[PDB]
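Peer 1: My structure file protein.csv, CSV, C-alpha atoms (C1' of nucleotides), is below:
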chain,number,residue,atom,x,y,z
Y,1,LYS,CA,0.0,0.0,0.0
Y,2,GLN,CA,2.9,2.3,0.9
Y,3,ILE,CA,4.3,2.1,-2.6
Y,4,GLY,CA,1.0,3.4,-3.7
Y,5,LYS,CA,0.7,5.3,-6.9
Y,6,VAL,CA,4.1,6.6,-8.0
Y,7,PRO,CA,4.8,7.2,-11.8
Y,8,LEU,CA,6.3,4.3,-13.6
Y,9,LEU,CA,9.0,5.6,-15.8
Y,10,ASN,CA,9.3,5.4,-19.6
Y,11,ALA,CA,12.6,5.7,-21.5
Y,12,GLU,CA,12.9,9.4,-22.0
Y,13,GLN,CA,11.7,10.1,-18.4
Y,14,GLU,CA,14.3,8.0,-16.5
Y,15,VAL,CA,17.2,9.1,-18.7
Y,16,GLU,CA,16.2,12.7,-17.8
Y,17,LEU,CA,16.3,11.8,-14.1
Y,18,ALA,CA,19.9,10.5,-14.6
Y,19,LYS,CA,20.8,13.9,-16.1
Y,20,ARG,CA,19.8,15.6,-12.9
Y,21,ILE,CA,21.9,13.2,-10.8
Y,22,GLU,CA,25.2,14.1,-12.4
Y,23,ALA,CA,24.0,17.7,-12.7
Y,24,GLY,CA,23.5,17.7,-9.0
Y,25,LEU,CA,26.7,15.7,-8.5
Y,26,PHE,CA,28.9,18.3,-10.2
Y,27,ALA,CA,27.1,21.0,-8.2
Y,28,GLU,CA,27.9,19.6,-4.8
Y,29,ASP,CA,31.4,18.7,-6.0
Y,30,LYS,CA,32.3,22.4,-6.6
Y,31,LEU,CA,30.6,23.3,-3.3
Y,32,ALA,CA,32.7,20.6,-1.6
Y,33,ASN,CA,35.8,22.4,-2.9
Y,34,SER,CA,37.4,24.8,-0.5
Y,35,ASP,CA,37.7,27.8,-2.9
Y,36,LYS,CA,35.2,30.6,-2.4
Y,37,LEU,CA,32.1,30.9,-4.5
Y,38,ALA,CA,29.5,33.7,-4.6
Y,39,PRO,CA,26.7,33.4,-2.0
Y,40,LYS,CA,23.7,33.8,-4.2
Y,41,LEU,CA,25.2,31.4,-6.8
Y,42,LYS,CA,26.0,29.0,-3.9
Y,43,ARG,CA,22.3,28.8,-3.2
Y,44,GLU,CA,21.7,28.1,-6.9
Y,45,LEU,CA,24.2,25.2,-6.6
Y,46,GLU,CA,22.4,24.1,-3.5
Y,47,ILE,CA,19.2,24.1,-5.6
Y,48,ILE,CA,20.9,21.8,-8.1
Y,49,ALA,CA,22.3,19.7,-5.2
Y,50,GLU,CA,18.8,19.5,-3.6
Y,51,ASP,CA,17.3,18.6,-6.9
Y,52,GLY,CA,19.9,15.9,-7.3
Y,53,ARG,CA,18.7,14.5,-4.0
Y,54,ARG,CA,15.1,14.8,-5.1
Y,55,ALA,CA,15.9,13.0,-8.4
Y,56,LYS,CA,17.6,10.2,-6.6
Y,57,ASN,CA,14.6,9.6,-4.3
Y,58,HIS,CA,12.2,9.9,-7.2
Y,59,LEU,CA,14.0,7.2,-9.1
Y,60,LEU,CA,14.1,4.8,-6.2
Y,61,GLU,CA,10.4,5.2,-5.2
Y,62,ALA,CA,9.3,4.6,-8.8
Y,63,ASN,CA,11.4,1.4,-9.1
Y,64,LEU,CA,10.3,0.0,-5.7
Y,65,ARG,CA,7.8,-2.2,-7.5
Y,66,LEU,CA,10.7,-4.0,-9.4
Y,67,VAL,CA,12.5,-5.2,-6.3
Y,68,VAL,CA,9.4,-6.7,-4.8
Y,69,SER,CA,9.0,-8.8,-8.0
Y,70,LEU,CA,12.4,-10.3,-7.7
Y,71,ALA,CA,11.9,-10.9,-3.9
Y,72,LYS,CA,9.0,-13.4,-4.7
Y,73,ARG,CA,11.6,-15.8,-6.2
I,1,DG,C1',109.0,-41.4,44.2
I,2,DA,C1',106.4,-45.4,41.3
I,3,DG,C1',102.1,-46.1,39.2
I,4,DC,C1',97.8,-45.2,39.6
I,5,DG,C1',93.7,-43.2,42.5
I,6,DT,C1',89.7,-39.7,43.2
I,7,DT,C1',87.9,-35.8,42.4
I,8,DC,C1',87.2,-30.9,41.7
I,9,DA,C1',88.3,-27.1,37.5
I,10,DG,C1',87.3,-24.5,34.3
I,11,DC,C1',87.1,-25.0,29.4
I,12,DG,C1',85.8,-26.1,25.1
I,13,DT,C1',82.7,-28.1,21.6
I,14,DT,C1',79.3,-28.5,19.6
I,15,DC,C1',74.7,-30.1,20.7
I,16,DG,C1',71.1,-28.4,23.7
I,17,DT,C1',67.0,-25.2,24.4
I,18,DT,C1',63.2,-21.7,23.1
I,19,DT,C1',63.1,-17.8,20.5
I,20,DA,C1',63.3,-15.2,16.6
I,21,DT,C1',62.4,-15.0,11.2
I,22,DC,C1',60.0,-16.2,6.9
I,23,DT,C1',56.0,-18.5,3.0
I,24,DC,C1',50.4,-19.6,2.1
I,25,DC,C1',44.2,-20.9,1.6
I,26,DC,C1',40.1,-19.9,3.9
I,27,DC,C1',37.4,-15.8,4.3
I,28,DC,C1',35.3,-11.3,3.0
I,29,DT,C1',34.2,-7.9,-0.6
I,30,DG,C1',32.8,-6.1,-5.2
I,31,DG,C1',30.9,-6.7,-9.6
I,32,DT,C1',28.2,-8.3,-13.8
I,33,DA,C1',24.4,-3.6,-18.5
I,34,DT,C1',18.5,-6.5,-23.9
I,35,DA,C1',14.2,-6.2,-20.7
I,36,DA,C1',12.2,-7.6,-16.5
I,37,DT,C1',8.2,-3.0,-12.2
I,38,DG,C1',2.7,-4.2,-6.0
I,39,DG,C1',2.8,-12.0,-2.4
I,40,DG,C1',0.5,-16.0,-2.3
I,41,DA,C1',-2.4,-18.5,1.1
I,42,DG,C1',-4.6,-20.5,4.7
I,43,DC,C1',-7.9,-20.7,7.0
I,44,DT,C1',-13.2,-22.1,9.5
I,45,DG,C1',-16.1,-24.6,13.4
I,46,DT,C1',-14.8,-25.7,22.1
I,47,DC,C1',-17.3,-23.3,26.0
I,48,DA,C1',-18.5,-19.8,29.3
I,49,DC,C1',-17.4,-15.4,31.4
I,50,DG,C1',-16.6,-10.8,31.6
I,51,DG,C1',-15.4,-6.1,30.4
I,52,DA,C1',-13.8,-3.2,27.1
I,53,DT,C1',-15.4,-0.9,22.9
I,54,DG,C1',-18.1,0.3,19.4
I,55,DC,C1',-22.5,2.5,17.6
I,56,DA,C1',-27.6,3.0,16.8
Please express the file's structure as structure tokens.

Peer 2:
Amino acid sequence: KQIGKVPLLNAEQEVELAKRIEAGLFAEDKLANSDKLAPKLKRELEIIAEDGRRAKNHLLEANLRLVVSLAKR
DNA sequence: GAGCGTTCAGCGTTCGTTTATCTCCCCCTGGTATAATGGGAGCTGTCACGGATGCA
């Protein structure tokens, strides 16, 4: 029941989700570096870093149905 | 003294010791790239008693 209705992903959708993972990955990478970046831009990178987190959880919750299928076996 | 008689002696002389090196399989971890996307499943009937808990 908890899985509920979450959108199953067609080809173009899930590839686009993967884009935002590495987009968010490069964002937090530069933020992880010690050199100074502008504060307003830093929040924009944080937006990309937050979106990368959102895109990760979106992908997992959609694919939760798959893992239960293989668990039956 | 002759000739050999007992018995410490400390000294070698390597053999005694325990102690130090050094080479190897179980055991644990990580990784596979067509696509695959919400369970089976086992029940059920004793009997009375009471008090909580729901609902007209």

Peer 1: Tell me the residues of chain I close to chain Y, meaning within 10 Å using all atoms listed in the file, as a ChimeraX atom specification.

Peer 2: /I:36-40

Peer 1: Report, in Å with one decimal, the straight-line distance from atom CA of residue Y:37 to atom CA of residue Y:49.

Peer 2: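 Those two atoms sit 14.9 Å apart.
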
Peer 1: I'd like the neighbourhood of residue Y:41 as a list in words, where a residue qualifies if any of its atoms comes within 12 Å (using only C-alpha atoms (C1' of nucleotides)), though same-chain residues fewer than 4 positions away should be ignored.

Peer 2: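 The filter keeps residues 27, 30, 31, 36, 37, 45, 46, 47 and 48 of chain Y.
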
Peer 1: Let me see the file: selected residues, C-alpha atoms, as a CSV table (one decimal), keeping the file's coordinate frame.

Peer 2:
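What follows is the written file selection_13.csv:
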chain,number,residue,atom,x,y,z
Y,27,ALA,CA,27.1,21.0,-8.2
Y,30,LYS,CA,32.3,22.4,-6.6
Y,31,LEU,CA,30.6,23.3,-3.3
Y,36,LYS,CA,35.2,30.6,-2.4
Y,37,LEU,CA,32.1,30.9,-4.5
Y,45,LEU,CA,24.2,25.2,-6.6
Y,46,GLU,CA,22.4,24.1,-3.5
Y,47,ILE,CA,19.2,24.1,-5.6
Y,48,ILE,CA,20.9,21.8,-8.1

Peer 1: For atom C1' of residue I:29 and atom CA of residue Y:26, quote the distance in Å rounded to one decimal.

Peer 2: 28.4 Å

Peer 1: Just to confirm, what's the straight-line distance from atom CA of residue Y:7 to atom CA of residue Y:20 in Å (one decimal)?

Peer 2: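 About the pair atom CA of residue Y:7 and atom CA of residue Y:20: they are 17.2 Å apart.
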
Peer 1: Counting all atoms listed in the file, figure out which residue out of Y:11, Y:38, Y:60, Y:55 gets nearest to residue Y:25.

Peer 2: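 Smallest separation from residue Y:25 among the options: Y:55.
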